[PDB]
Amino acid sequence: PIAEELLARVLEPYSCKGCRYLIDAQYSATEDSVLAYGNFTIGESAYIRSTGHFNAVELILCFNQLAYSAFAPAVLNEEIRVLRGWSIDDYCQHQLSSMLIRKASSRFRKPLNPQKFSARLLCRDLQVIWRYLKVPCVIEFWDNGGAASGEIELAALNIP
């Protein structure tokens, strides 16, 4: 489980906008892998009136929140070999300017209950390669049935 307050500091960029959607998360890490779970709620859309359903834009936003949230305690606890040399302060300093999506793939089935849903994230085969961390990720939503998923490759620019 990830401490609210670590959540809240890491997701402040979205909170100061009313767009924090991750309720709670839990994680597991190794030297080159992270695995996390989140619970999510969407009160209303920031960018459009109201579709009465998920919207793919919201899949990415929830993936972004959960991923920033999953790496935080891994960085804090120095669990990722390649990220030792970063404190949580470094990590938080790099969030906005230096953590990018290089490619992403999405699929949508039974629409999701925006009001109450969860996700599973797994990031594997991290490697250094600008000099970046490439970070292949897989995520899966559900809630009501309904499911969604991707396939996202990230680039982290500072590091180590």
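Numbering starts at 1 and follows the sequence shown.
- Unmodelled residues of the deposited sequence between neighbouring positions residue 143 and residue 144 number 1 to 3.
- According to the entry, the deposited sequence has 1 to 3 residues without coordinates between residue 129 and residue 130.
- Looking at mean Cα B-factors across 90-98 and 107-115, the upper value is held by 107-115.
- The mean Cα B-factor in the deposited entry runs higher for 25-33 than for the other of 25-33 and 66-74.
- Per the deposited record, the Cα B-factor of residue 134 falls in the lowest third when ranked against the other modelled residues of its chain.
- Residue 17: CA B factor in the highest third of modelled residues in this chain (values from the PDB entry).
- Among all modelled residues in this chain, the alpha-carbon of residue 154 has a temperature factor (C-alpha) in the lowest third.
- Sort the modelled residues of the chain by CA B factor and residue 148 lands in the middle third.
- Among the modelled residues of its chain, residue 48 has a C-alpha B-factor that falls in the middle third, as given in the PDB entry.
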